[PDB]
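Engineer: Contents of protein-v7.cif (mmCIF, N, CA and C atoms and all ligand atoms):
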```
data_final
#
loop_
_atom_site.group_PDB
_atom_site.id
_atom_site.type_symbol
_atom_site.label_atom_id
_atom_site.label_comp_id
_atom_site.auth_asym_id
_atom_site.auth_seq_id
_atom_site.Cartn_x
_atom_site.Cartn_y
_atom_site.Cartn_z
ATOM 1 N N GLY A 1 70.162 97.271 5.738
ATOM 2 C CA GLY A 1 70.943 97.679 4.586
ATOM 3 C C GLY A 1 71.782 96.548 4.024
ATOM 4 N N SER A 2 71.673 96.324 2.718
ATOM 5 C CA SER A 2 72.423 95.262 2.059
ATOM 6 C C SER A 2 72.699 95.616 0.601
ATOM 7 N N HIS A 3 73.404 94.728 -0.093
ATOM 8 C CA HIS A 3 73.736 94.945 -1.497
ATOM 9 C C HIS A 3 73.738 93.628 -2.266
ATOM 10 N N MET A 4 73.268 93.672 -3.508
ATOM 11 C CA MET A 4 73.217 92.480 -4.348
ATOM 12 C C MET A 4 73.366 92.847 -5.820
ATOM 13 N N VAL A 5 73.530 91.833 -6.665
ATOM 14 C CA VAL A 5 73.684 92.049 -8.099
ATOM 15 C C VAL A 5 72.570 91.363 -8.880
ATOM 16 N N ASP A 6 71.423 91.185 -8.233
ATOM 17 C CA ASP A 6 70.278 90.543 -8.868
ATOM 18 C C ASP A 6 69.058 91.457 -8.842
ATOM 19 N N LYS A 7 69.212 92.656 -9.395
ATOM 20 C CA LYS A 7 68.124 93.626 -9.437
ATOM 21 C C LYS A 7 67.787 94.004 -10.875
ATOM 22 N N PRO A 8 67.139 93.076 -11.596
ATOM 23 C CA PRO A 8 66.744 93.290 -12.991
ATOM 24 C C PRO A 8 65.625 94.317 -13.125
ATOM 25 N N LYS A 9 65.128 94.488 -14.346
ATOM 26 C CA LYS A 9 64.055 95.439 -14.610
ATOM 27 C C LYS A 9 63.040 94.855 -15.588
ATOM 28 N N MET A 10 61.823 95.389 -15.559
ATOM 29 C CA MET A 10 60.763 94.922 -16.446
ATOM 30 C C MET A 10 59.917 96.090 -16.944
ATOM 31 N N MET A 11 59.318 95.922 -18.118
ATOM 32 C CA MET A 11 58.481 96.963 -18.704
ATOM 33 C C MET A 11 57.002 96.642 -18.513
ATOM 34 N N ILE A 12 56.219 97.660 -18.173
ATOM 35 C CA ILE A 12 54.788 97.486 -17.962
ATOM 36 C C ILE A 12 54.002 98.673 -18.509
ATOM 37 N N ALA A 13 53.051 98.389 -19.393
ATOM 38 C CA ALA A 13 52.226 99.433 -19.988
ATOM 39 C C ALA A 13 50.891 99.560 -19.260
ATOM 40 N N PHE A 14 50.569 100.777 -18.835
ATOM 41 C CA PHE A 14 49.322 101.032 -18.123
ATOM 42 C C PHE A 14 48.477 102.068 -18.861
ATOM 43 N N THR A 15 47.176 101.812 -18.941
ATOM 44 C CA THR A 15 46.259 102.719 -19.620
ATOM 45 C C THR A 15 45.758 103.805 -18.674
ATOM 46 N N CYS A 16 46.179 105.040 -18.924
ATOM 47 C CA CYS A 16 45.774 106.169 -18.094
ATOM 48 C C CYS A 16 44.293 106.482 -18.289
ATOM 49 N N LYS A 17 43.485 106.129 -17.296
ATOM 50 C CA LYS A 17 42.047 106.371 -17.356
ATOM 51 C C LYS A 17 41.741 107.859 -17.219
ATOM 52 N N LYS A 18 42.754 108.637 -16.853
ATOM 53 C CA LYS A 18 42.594 110.076 -16.688
ATOM 54 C C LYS A 18 42.447 110.766 -18.041
ATOM 55 N N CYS A 19 43.419 110.548 -18.920
ATOM 56 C CA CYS A 19 43.397 111.148 -20.249
ATOM 57 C C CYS A 19 43.296 110.074 -21.327
ATOM 58 N N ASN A 20 42.846 108.887 -20.934
ATOM 59 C CA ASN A 20 42.705 107.775 -21.867
ATOM 60 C C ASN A 20 43.971 107.599 -22.699
ATOM 61 N N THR A 21 45.119 107.883 -22.089
ATOM 62 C CA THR A 21 46.399 107.757 -22.773
ATOM 63 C C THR A 21 47.189 106.565 -22.244
ATOM 64 N N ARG A 22 47.715 105.758 -23.159
ATOM 65 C CA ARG A 22 48.492 104.582 -22.785
ATOM 66 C C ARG A 22 49.982 104.822 -23.004
ATOM 67 N N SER A 23 50.803 104.283 -22.109
ATOM 68 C CA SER A 23 52.249 104.443 -22.202
ATOM 69 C C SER A 23 52.969 103.320 -21.461
ATOM 70 N N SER A 24 54.168 102.987 -21.926
ATOM 71 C CA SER A 24 54.959 101.927 -21.311
ATOM 72 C C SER A 24 56.073 102.512 -20.448
ATOM 73 N N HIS A 25 56.380 101.832 -19.348
ATOM 74 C CA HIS A 25 57.426 102.281 -18.437
ATOM 75 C C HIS A 25 58.211 101.097 -17.882
ATOM 76 N N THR A 26 59.533 101.234 -17.844
ATOM 77 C CA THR A 26 60.397 100.174 -17.338
ATOM 78 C C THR A 26 61.009 100.558 -15.997
ATOM 79 N N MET A 27 60.878 99.671 -15.016
ATOM 80 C CA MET A 27 61.422 99.918 -13.685
ATOM 81 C C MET A 27 61.994 98.638 -13.085
ATOM 82 N N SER A 28 62.813 98.789 -12.050
ATOM 83 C CA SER A 28 63.430 97.644 -11.390
ATOM 84 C C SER A 28 62.368 96.688 -10.854
ATOM 85 N N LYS A 29 62.501 95.412 -11.198
ATOM 86 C CA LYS A 29 61.556 94.396 -10.753
ATOM 87 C C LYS A 29 61.565 94.274 -9.232
ATOM 88 N N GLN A 30 62.746 94.413 -8.638
ATOM 89 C CA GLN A 30 62.887 94.319 -7.190
ATOM 90 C C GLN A 30 62.225 95.507 -6.500
ATOM 91 N N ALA A 31 62.364 96.686 -7.098
ATOM 92 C CA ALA A 31 61.778 97.899 -6.542
ATOM 93 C C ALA A 31 60.263 97.905 -6.715
ATOM 94 N N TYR A 32 59.793 97.288 -7.795
ATOM 95 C CA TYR A 32 58.364 97.227 -8.077
ATOM 96 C C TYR A 32 57.689 96.146 -7.239
ATOM 97 N N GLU A 33 58.287 94.959 -7.222
ATOM 98 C CA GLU A 33 57.743 93.841 -6.460
ATOM 99 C C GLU A 33 57.934 94.061 -4.961
ATOM 100 N N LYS A 34 59.073 94.638 -4.594
ATOM 101 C CA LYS A 34 59.379 94.905 -3.194
ATOM 102 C C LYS A 34 59.820 96.352 -3.001
ATOM 103 N N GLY A 35 58.887 97.282 -3.186
ATOM 104 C CA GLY A 35 59.199 98.690 -3.025
ATOM 105 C C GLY A 35 58.198 99.589 -3.725
ATOM 106 N N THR A 36 58.451 100.893 -3.690
ATOM 107 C CA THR A 36 57.565 101.861 -4.322
ATOM 108 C C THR A 36 58.046 102.215 -5.724
ATOM 109 N N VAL A 37 57.100 102.422 -6.635
ATOM 110 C CA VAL A 37 57.428 102.768 -8.013
ATOM 111 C C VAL A 37 56.490 103.844 -8.547
ATOM 112 N N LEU A 38 57.068 104.886 -9.133
ATOM 113 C CA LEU A 38 56.284 105.985 -9.687
ATOM 114 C C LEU A 38 56.565 106.159 -11.176
ATOM 115 N N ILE A 39 55.505 106.332 -11.957
ATOM 116 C CA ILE A 39 55.639 106.514 -13.398
ATOM 117 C C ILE A 39 54.830 107.713 -13.878
ATOM 118 N N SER A 40 55.419 108.495 -14.777
ATOM 119 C CA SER A 40 54.754 109.676 -15.316
ATOM 120 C C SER A 40 54.165 109.385 -16.694
ATOM 121 N N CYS A 41 52.952 109.873 -16.926
ATOM 122 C CA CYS A 41 52.276 109.666 -18.202
ATOM 123 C C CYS A 41 52.564 110.816 -19.163
ATOM 124 N N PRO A 42 53.202 110.494 -20.297
ATOM 125 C CA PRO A 42 53.550 111.486 -21.319
ATOM 126 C C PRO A 42 52.323 112.024 -22.046
ATOM 127 N N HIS A 43 51.484 112.759 -21.320
ATOM 128 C CA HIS A 43 50.275 113.333 -21.896
ATOM 129 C C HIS A 43 49.598 114.278 -20.909
ATOM 130 N N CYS A 44 49.598 113.895 -19.637
ATOM 131 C CA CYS A 44 48.982 114.708 -18.593
ATOM 132 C C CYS A 44 50.023 115.168 -17.577
ATOM 133 N N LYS A 45 51.293 114.945 -17.897
ATOM 134 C CA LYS A 45 52.384 115.336 -17.013
ATOM 135 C C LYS A 45 52.005 115.118 -15.552
ATOM 136 N N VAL A 46 52.111 113.872 -15.098
ATOM 137 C CA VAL A 46 51.782 113.531 -13.719
ATOM 138 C C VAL A 46 52.224 112.111 -13.384
ATOM 139 N N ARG A 47 52.766 111.933 -12.183
ATOM 140 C CA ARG A 47 53.230 110.624 -11.740
ATOM 141 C C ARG A 47 52.128 109.882 -10.990
ATOM 142 N N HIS A 48 52.030 108.578 -11.229
ATOM 143 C CA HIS A 48 51.019 107.755 -10.576
ATOM 144 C C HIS A 48 51.657 106.544 -9.902
ATOM 145 N N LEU A 49 51.037 106.076 -8.826
ATOM 146 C CA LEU A 49 51.545 104.923 -8.090
ATOM 147 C C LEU A 49 51.090 103.620 -8.739
ATOM 148 N N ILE A 50 52.020 102.680 -8.881
ATOM 149 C CA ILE A 50 51.714 101.389 -9.483
ATOM 150 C C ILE A 50 51.824 100.265 -8.458
ATOM 151 N N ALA A 51 52.858 100.331 -7.625
ATOM 152 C CA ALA A 51 53.076 99.321 -6.597
ATOM 153 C C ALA A 51 53.730 99.928 -5.361
ATOM 154 N N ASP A 52 52.916 100.239 -4.358
ATOM 155 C CA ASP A 52 53.416 100.826 -3.120
ATOM 156 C C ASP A 52 53.699 99.745 -2.082
ATOM 157 N N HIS A 53 54.974 99.569 -1.750
ATOM 158 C CA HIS A 53 55.377 98.567 -0.770
ATOM 159 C C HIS A 53 56.055 99.223 0.429
ATOM 160 N N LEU A 54 56.576 100.427 0.222
ATOM 161 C CA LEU A 54 57.252 101.161 1.287
ATOM 162 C C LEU A 54 56.276 102.073 2.024
ATOM 163 N N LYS A 55 55.056 102.165 1.507
ATOM 164 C CA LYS A 55 54.027 103.000 2.117
ATOM 165 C C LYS A 55 54.552 104.409 2.375
ATOM 166 N N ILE A 56 55.190 104.992 1.365
ATOM 167 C CA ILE A 56 55.737 106.338 1.482
ATOM 168 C C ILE A 56 54.633 107.388 1.408
ATOM 169 N N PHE A 57 53.783 107.274 0.393
ATOM 170 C CA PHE A 57 52.683 108.214 0.209
ATOM 171 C C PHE A 57 51.516 107.873 1.132
ATOM 172 N N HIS A 58 51.511 106.645 1.641
ATOM 173 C CA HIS A 58 50.453 106.193 2.538
ATOM 174 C C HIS A 58 50.406 107.052 3.797
ATOM 175 N N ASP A 59 51.498 107.757 4.068
ATOM 176 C CA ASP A 59 51.581 108.617 5.243
ATOM 177 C C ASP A 59 50.961 109.982 4.962
ATOM 178 N N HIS A 60 50.397 110.136 3.768
ATOM 179 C CA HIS A 60 49.769 111.393 3.374
ATOM 180 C C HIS A 60 50.479 112.579 4.019
ATOM 181 N N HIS A 61 51.808 112.553 3.992
ATOM 182 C CA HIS A 61 52.605 113.627 4.575
ATOM 183 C C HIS A 61 53.920 113.797 3.821
ATOM 184 N N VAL A 62 53.985 113.232 2.619
ATOM 185 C CA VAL A 62 55.186 113.322 1.797
ATOM 186 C C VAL A 62 54.836 113.613 0.342
ATOM 187 N N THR A 63 55.595 114.512 -0.276
ATOM 188 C CA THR A 63 55.365 114.882 -1.667
ATOM 189 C C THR A 63 56.367 114.199 -2.590
ATOM 190 N N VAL A 64 56.021 114.110 -3.870
ATOM 191 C CA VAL A 64 56.892 113.481 -4.856
ATOM 192 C C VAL A 64 58.268 114.135 -4.870
ATOM 193 N N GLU A 65 58.305 115.432 -4.578
ATOM 194 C CA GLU A 65 59.559 116.175 -4.557
ATOM 195 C C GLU A 65 60.459 115.691 -3.425
ATOM 196 N N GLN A 66 59.851 115.377 -2.286
ATOM 197 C CA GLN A 66 60.597 114.902 -1.127
ATOM 198 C C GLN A 66 61.284 113.575 -1.428
ATOM 199 N N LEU A 67 60.560 112.674 -2.084
ATOM 200 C CA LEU A 67 61.100 111.365 -2.433
ATOM 201 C C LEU A 67 62.366 111.505 -3.273
ATOM 202 N N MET A 68 62.383 112.506 -4.148
ATOM 203 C CA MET A 68 63.535 112.750 -5.007
ATOM 204 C C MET A 68 64.701 113.321 -4.206
ATOM 205 N N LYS A 69 64.391 114.226 -3.283
ATOM 206 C CA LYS A 69 65.412 114.849 -2.449
ATOM 207 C C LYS A 69 66.137 113.804 -1.607
ATOM 208 N N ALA A 70 65.454 112.699 -1.324
ATOM 209 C CA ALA A 70 66.036 111.624 -0.530
ATOM 210 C C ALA A 70 66.993 110.781 -1.366
ATOM 211 N N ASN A 71 66.670 110.620 -2.645
ATOM 212 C CA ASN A 71 67.501 109.836 -3.551
ATOM 213 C C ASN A 71 68.668 110.667 -4.077
ATOM 214 N N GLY A 72 68.348 111.724 -4.816
ATOM 215 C CA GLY A 72 69.380 112.584 -5.366
ATOM 216 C C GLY A 72 69.005 113.146 -6.722
ATOM 217 N N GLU A 73 68.020 112.526 -7.366
ATOM 218 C CA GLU A 73 67.569 112.970 -8.680
ATOM 219 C C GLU A 73 67.250 114.462 -8.671
ATOM 220 N N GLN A 74 68.104 115.248 -9.319
ATOM 221 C CA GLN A 74 67.914 116.692 -9.383
ATOM 222 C C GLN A 74 66.931 117.063 -10.488
ATOM 223 N N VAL A 75 67.027 116.368 -11.617
ATOM 224 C CA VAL A 75 66.144 116.623 -12.750
ATOM 225 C C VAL A 75 64.816 115.893 -12.587
ATOM 226 N N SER A 76 63.733 116.551 -12.983
ATOM 227 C CA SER A 76 62.401 115.965 -12.880
ATOM 228 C C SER A 76 61.781 115.775 -14.260
ATOM 229 N N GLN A 77 62.239 116.570 -15.222
ATOM 230 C CA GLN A 77 61.729 116.490 -16.585
ATOM 231 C C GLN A 77 62.619 115.600 -17.448
ATOM 232 N N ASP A 78 63.364 114.712 -16.799
ATOM 233 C CA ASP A 78 64.258 113.803 -17.507
ATOM 234 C C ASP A 78 63.525 112.527 -17.912
ATOM 235 N N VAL A 79 63.272 111.660 -16.937
ATOM 236 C CA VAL A 79 62.578 110.404 -17.191
ATOM 237 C C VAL A 79 61.177 110.419 -16.592
ATOM 238 N N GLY A 80 60.996 111.213 -15.541
ATOM 239 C CA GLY A 80 59.701 111.304 -14.893
ATOM 240 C C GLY A 80 59.304 110.013 -14.206
ATOM 241 N N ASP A 81 60.292 109.179 -13.899
ATOM 242 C CA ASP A 81 60.039 107.905 -13.237
ATOM 243 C C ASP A 81 61.120 107.608 -12.201
ATOM 244 N N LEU A 82 60.698 107.128 -11.036
ATOM 245 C CA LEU A 82 61.629 106.804 -9.961
ATOM 246 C C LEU A 82 61.238 105.496 -9.278
ATOM 247 N N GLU A 83 62.237 104.764 -8.798
ATOM 248 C CA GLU A 83 61.997 103.494 -8.121
ATOM 249 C C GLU A 83 62.669 103.471 -6.752
ATOM 250 N N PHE A 84 61.964 102.932 -5.763
ATOM 251 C CA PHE A 84 62.489 102.850 -4.405
ATOM 252 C C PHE A 84 62.353 101.434 -3.853
ATOM 253 N N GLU A 85 63.450 100.905 -3.319
ATOM 254 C CA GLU A 85 63.452 99.559 -2.758
ATOM 255 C C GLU A 85 63.743 99.594 -1.260
ATOM 256 N N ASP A 86 64.318 100.700 -0.801
ATOM 257 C CA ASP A 86 64.647 100.862 0.610
ATOM 258 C C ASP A 86 64.691 102.337 0.993
ATOM 259 N N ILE A 87 63.558 102.859 1.451
ATOM 260 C CA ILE A 87 63.468 104.258 1.851
ATOM 261 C C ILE A 87 64.472 104.580 2.952
ATOM 262 N N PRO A 88 64.858 105.861 3.044
ATOM 263 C CA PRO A 88 65.815 106.329 4.051
ATOM 264 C C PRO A 88 65.233 106.302 5.460
ATOM 265 N N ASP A 89 65.959 106.887 6.406
ATOM 266 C CA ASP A 89 65.513 106.931 7.794
ATOM 267 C C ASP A 89 65.043 108.333 8.170
ATOM 268 N N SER A 90 65.536 109.331 7.444
ATOM 269 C CA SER A 90 65.171 110.718 7.704
ATOM 270 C C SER A 90 63.721 110.982 7.307
ATOM 271 N N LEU A 91 63.241 110.237 6.317
ATOM 272 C CA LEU A 91 61.870 110.389 5.842
ATOM 273 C C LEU A 91 60.883 109.751 6.813
ATOM 274 N N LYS A 92 61.037 108.450 7.037
ATOM 275 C CA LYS A 92 60.162 107.720 7.947
ATOM 276 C C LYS A 92 60.089 108.412 9.304
ATOM 277 N N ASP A 93 61.163 109.105 9.668
ATOM 278 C CA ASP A 93 61.220 109.814 10.941
ATOM 279 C C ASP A 93 60.061 110.799 11.066
ATOM 280 N N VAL A 94 59.840 111.580 10.015
ATOM 281 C CA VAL A 94 58.762 112.564 10.007
ATOM 282 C C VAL A 94 57.399 111.885 10.076
ATOM 283 N N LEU A 95 57.351 110.622 9.669
ATOM 284 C CA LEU A 95 56.107 109.859 9.685
ATOM 285 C C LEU A 95 55.912 109.165 11.029
ATOM 286 N N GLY A 96 56.992 109.060 11.797
ATOM 287 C CA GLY A 96 56.918 108.419 13.098
ATOM 288 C C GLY A 96 57.449 109.301 14.210
ATOM 289 N N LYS A 97 56.907 110.509 14.314
ATOM 290 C CA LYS A 97 57.331 111.453 15.342
ATOM 291 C C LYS A 97 56.184 111.769 16.295
ATOM 292 N N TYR A 98 54.971 111.825 15.757
ATOM 293 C CA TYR A 98 53.790 112.120 16.561
ATOM 294 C C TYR A 98 53.476 110.967 17.509
ATOM 295 N N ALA A 99 53.706 109.744 17.042
ATOM 296 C CA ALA A 99 53.451 108.558 17.848
ATOM 297 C C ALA A 99 54.743 108.012 18.447
ATOM 298 N N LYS A 100 54.828 108.026 19.772
ATOM 299 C CA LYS A 100 56.009 107.532 20.469
ATOM 300 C C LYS A 100 55.636 106.952 21.829
HETATM 301 ZN ZN ZN A 201 47.790 110.364 -18.511
#
```
Once more with this new file: its structure as structure tokens, please.

Structural biologist:
Amino acid sequence: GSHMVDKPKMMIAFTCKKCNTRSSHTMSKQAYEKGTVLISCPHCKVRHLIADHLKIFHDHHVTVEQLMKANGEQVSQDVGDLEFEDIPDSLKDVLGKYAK
């Protein structure tokens, strides 16, 4: 756990091959380069992974709702985008309980 004042943000447009819909999304560069980032496409109402560094969904045992419950974001129809640079310990716990 640490803190810094050098966590800028960048915009990236991705073409949704699902509904052939394109949209731009801005997220923390630190969270994207070193962390998990989720973006929702304003057409098919759905979040997609762009850069997984925390391997949160890689555990195929966590839902998008859980990730929000860990952060605090109560609203989901607000921005439809979330960034993670340092996942909690309560989450990883459920991913590391069977193996000990
Ligand atoms: Zn889409």

Engineer: Mind telling me what the PyMOL selection byres (((not hetatm)) within 6 of (chain A and resi 201)) catches here, as a list in words?

Structural biologist: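 Residues picked by the PyMOL selection byres (((not hetatm)) within 6 of (chain A and resi 201)): residues 16, 18, 19, 20, 21, 41, 42, 43, 44 and 45 of chain A.
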
Engineer: Pick out the residues sitting within 6.5 Å of region 32-36 of chain A, and hand them over as a list in words; count all atoms listed in the file, and ignore anything fewer than 3 positions along from it in its own chain.

Structural biologist: residues 27, 28, 29, 51, 52, 53, 54, 55, 82, 83, 84, 85 and 86 of chain A

Engineer: Taking the DSSP secondary structure from the backbone, can you list the residues of chain A that are alpha helix (DSSP H), as a list in words?

Structural biologist: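 Filtering chain A to alpha helix (DSSP H) leaves residues 29, 30, 31, 32, 33, 64, 65, 66, 67, 68, 69, 70, 71, 89, 90, 91, 92, 93, 94 and 95 of chain A.
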
Engineer: Report the distance between atom N of residue 30 (chain A) and CA of residue 72 (chain A) in Å, rounded to one decimal place.

Structural biologist: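 Distance between the two atoms: 19.6 Å.
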
Engineer: I need the strand (DSSP E or B) residues of chain A per DSSP on the backbone, written as an MDAnalysis selection string.

Structural biologist: chainID A and resid 9:16 21:28 36:40 47:49 81:84
